[PDB]
Amino acid sequence: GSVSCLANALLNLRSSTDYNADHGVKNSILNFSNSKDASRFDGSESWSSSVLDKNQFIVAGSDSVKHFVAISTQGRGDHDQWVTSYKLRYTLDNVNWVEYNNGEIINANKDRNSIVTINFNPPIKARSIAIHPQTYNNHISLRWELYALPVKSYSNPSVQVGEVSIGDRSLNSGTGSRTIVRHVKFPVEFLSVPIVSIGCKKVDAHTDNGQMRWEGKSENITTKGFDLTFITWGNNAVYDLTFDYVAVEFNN
Amino acid sequence: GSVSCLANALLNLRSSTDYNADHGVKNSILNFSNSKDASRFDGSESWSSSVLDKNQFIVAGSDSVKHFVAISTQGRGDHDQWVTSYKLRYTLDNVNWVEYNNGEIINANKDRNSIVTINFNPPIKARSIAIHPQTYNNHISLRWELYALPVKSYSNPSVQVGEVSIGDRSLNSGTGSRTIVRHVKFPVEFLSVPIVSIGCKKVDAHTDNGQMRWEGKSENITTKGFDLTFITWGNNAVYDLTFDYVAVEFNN
Amino acid sequence: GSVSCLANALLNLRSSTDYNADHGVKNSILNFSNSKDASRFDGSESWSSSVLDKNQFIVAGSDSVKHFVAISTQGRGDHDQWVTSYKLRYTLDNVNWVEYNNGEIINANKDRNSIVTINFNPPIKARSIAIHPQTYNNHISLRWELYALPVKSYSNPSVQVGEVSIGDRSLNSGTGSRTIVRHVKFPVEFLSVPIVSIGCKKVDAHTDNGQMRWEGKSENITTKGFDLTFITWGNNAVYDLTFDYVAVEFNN
Ligand SMILES: [Ca+2]
Ligand SMILES: [Ca+2]
Ligand SMILES: [Ca+2]
Ligand SMILES: [Cl-]
Ligand SMILES: [Cl-]
Ligand SMILES: [Cl-]
Ligand SMILES: [Cl-]
Ligand SMILES: [Cl-]
Ligand SMILES: [Cl-]
Ligand SMILES: [Cl-]
Ligand SMILES: [Cl-]
Ligand SMILES: [Cl-]
């Protein structure tokens, strides 16, 4: 129940340097492995830097605010190279970068294939995150994965808004439960059925010997629109009512 | 009126394996073609895998919920290699993957350049999607494009909220149409002019021989704020009114 | 206070052609430099095209609407190649592309390393943007960066909605300030504390010798829910009230 970001192709990767394109970040996913044919080179089972110093990195980014819950690193699958320690940096606004845990040096790998996982408690909240290898065996070469919370069903909703009124004297006389429907068409048709929230912004109504009774309900909601049912009861004479509505479409 | 996702650089791609970086997913867009100079190799006109089996794939992903309406595949431009059938997998939450149409094997290409397009009715709703070649002529090599519905103008809106009241006895006396304006400044200035929806959460008002009359309108909306015009008429004495507002900025 | 898009790995890049993968767009970031070791080739300090004509490009894209404020270009770090002029194209909807400033040819670089920056007034509003080199010294080779406004704290909010009523005669008798709390649980727990906006959609209440007094407040908001405090005062007998609420979570 966390998301493997690289496995799902959710993040753009950018390395500092690449030994060459056959050692690029595209070869860096956790457990990456390619042909065992020893007669041809189809790429390192790792990202491998070109320059060996303490300034190399891979930046992983996208526009969404991610809640990173863990990172896993691994050495290189096909040669004895691995990152033995690293630092992490991240940014929420893509302008100001901070060091994870005050520049903590994280102890990492000691062989080609064993996975080392660090859990973030609390999650790192970031748009971009960078692994900054500090020490290495033989070469700065690694495979990795970044784990994030799944997107919530309530995130990134679509919204259309409008207003609706009775607009005449339909409810301005009579006795007992009395209702009128105003059909509202959304400016644009939704892809799926939204919810429709409403709030009153005008009352022009007579009490029934002091009792005020008015109600609005959004009903018969479709992708194209909905009905605002205006309601009164007892003997109230309602002259006009106005609602603003906010139609919200989730998960689409 | 569909979006060519790869052409527009909207999706991250990740292959299972690459024959080498000069056969990577970066060379996989539909109709990809490079130099005709036979004296140098600038890359295959295809993604080409390294391992030939039924387990290769390209994953295409991003954070947004896409509605995929079609996929097109093509063989390799510069050699006689093409995928002859494939399966599709996808995921909406990036945790749970499903097979398209119960693992349907889709019949695909039979030459280098002819495009084979499959239409999805209904659209596949997904954050990530993967093509899983099953059979091939000579090598797992392909070019492709994924077509999605365009983003709606109502998607990803920006929102600020607040409340506003009369806050004094400005409307608590008098006859005829009577109005007061409260100017509201948004916590942060918007990039473009929002809409402003409102809903009443407090009425403290006297009826005019039984008739209740109150209204609020948001007016003079700018990037920086708006005016809440509080309104009464007839002889109503309105002591206070409060609205919550929801300012929504679209398409920005 | 602008965002360096490529530095932060925020955009997918796609070139028209690459001299080969060691001259790909992955080597195109502004100021990109790799090993100075003259004995091995770890890639060009540039993207370099394969075909030399007026039809080459790099497309930079993602789903988010960006407000691009500037572009910077540079020639190739390790050889005497640079783009001397280019055009820009962009798209907001990823269907319809437009030429920047009526197809203006922008004067660009004249050496390997000096940066040439063009500022966009007003910002270019786009999901994808493409640099289209027109003329070049020796080869179409460049490094570049795209600068965008930072994301606003109000963008991409998460939203849950619902309704709440008194649902009994708790406020239907008595004198003075009288309140009841209805606890609302959000359908799903938020990651951080939201704001909760409310709007009345039903009044069933008696005036107090003509004075109407009712109020709702959202209070004690947590990640899990909030309290709708229903309020009356004076001697009003309130039979029922209903609010719709819109809970909005920012920056998460
Ligand atoms: Ca190998
Ligand atoms: Ca060629
Ligand atoms: Ca070099
Ligand atoms: Cl160093
Ligand atoms: Cl070794
Ligand atoms: Cl009745
Ligand atoms: Cl197999
Ligand atoms: Cl051939
Ligand atoms: Cl009047
Ligand atoms: Cl030309
Ligand atoms: Cl030179
Ligand atoms: Cl009182």
Kirkwood Rh (inverse of mean 1/r, distinct Cα pairs), the protein assembly as shown, angstrom: 28.7 Å
Bins of 5 Å from zero: percent of alpha-carbon pairs in the stretch A:155-252: 3, 14, 24, 20, 15, 11, 7, 5, 2, 0
Positive-end residue of A:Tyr136, A:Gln74, A:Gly43, charge dipole of the stretch A:1-154 with Cβ unit charges: A:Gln74
Shortest-first distances to equivalent copies, position B:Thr84, nm, label 7 Å out along Cβ: 5.2, 5.2
For chain A, the spread of Cα positions along each principal axis, largest first, Å: 90, 41, 28
Rough spin-label spacing in nm, given labels placed 7 Å along Cα→Cβ, for C:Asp53 and A:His183: 5.5 nm
Listed residues B:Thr175, B:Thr242, B:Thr73, most fluctuating in chain B (Gaussian network, C-alpha, under 10 Å): B:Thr175
Inter-copy separations for C:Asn252, label at 7 Å along Cα-Cβ, nm, ascending: 2.5, 2.5
Karplus-derived HN-Hα couplings along the stretch A:65-79 (A = 6.51, B = -1.76, C = 1.60, θ = phi - 60°), whole Hz, x at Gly and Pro: 6, 9, 10, 7, 9, 7, 10, 10, 10, 8, x, 7, x, 10, 8
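How much FRET efficiency would the formula 1/(1 + (r/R0)^6) give for A:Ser153 and B:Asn251, where r is the Cβ-Cβ distance and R0 is 25 Å, rounded to 0.05?
Step by step, r from the Cβ atoms, then E = 0.60.
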Estimated inter-spin distance, B:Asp168 and B:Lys36, nm [label 7 Å along Cα→Cβ]: 8.1 nm
Listed residues B:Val25, B:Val59, B:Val159, most fluctuating in chain B (Gaussian network, C-alpha, under 10 Å): B:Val159
The stretch B:7-56: translational diffusion in µm²/s, Stokes-Einstein, Kirkwood Rh over Cα pairs, 10 °C, 1.306 mPa s: 134 µm²/s
14 Å beta-carbon shell around A:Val181, net charge (K/R +1, D/E -1): 0
Total charge dipole magnitude, the protein assembly as shown, about the Cα centre, Cβ charges on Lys, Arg, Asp, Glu only, Debye to nearest 20: 120 debye
Per-residue mean of C-beta atoms belonging to partner chains within 10 Å, peptide A:53-63: 4
Nearest beta-carbon to the C/B symmetry axis - residue in chain C, distance in Å: C:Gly199, 1
Candidates C:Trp144, C:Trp233, C:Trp82, ranked by Gaussian network fluctuation over chain C, Cα under 10 Å, top entry: C:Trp233
J(HN,Hα) series, the stretch C:104-121, from Karplus relation 6.51 cos²θ - 1.76 cosθ + 1.60, nearest Hz, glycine and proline x: 3, 8, 8, 6, 10, 8, 9, 6, 6, 10, 6, 8, 10, 10, 10, 9, 9, 10
Residue (of B:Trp233, B:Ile166, B:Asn119) at the positive-pole extreme of chain B, dipole from beta-carbon charges: B:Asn119
Charge dipole (debye, nearest 20) of the stretch C:30-111; +1 at Cβ of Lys and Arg, -1 at Cβ of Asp and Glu: 80 debye
Using distinct alpha-carbon pairs, which all enter the 1/r mean, Kirkwood radius of the stretch C:1-106 in Å: 15.3 Å
Relative contact order, percent, the stretch A:123-252 [alpha-carbon distance under 8 Å, six or more residues apart]: 36 percent
Shielding of B:145-158 by partner chains, average beta-carbon count, 10 Å: 6
Cβ charges +1 (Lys, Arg) and -1 (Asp, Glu), total dipole of chain C, debye: 160 debye
Projected-area mean, the stretch B:133-208, by convex hull of Cα positions, square nanometres: 11.5 nm²
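So basically every Cβ, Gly included, is an ideal-geometry build from the backbone, and we count neighbours across all protein chains shown. Bear in mind that the values in this text are calculations on the coordinates, not laboratory data.
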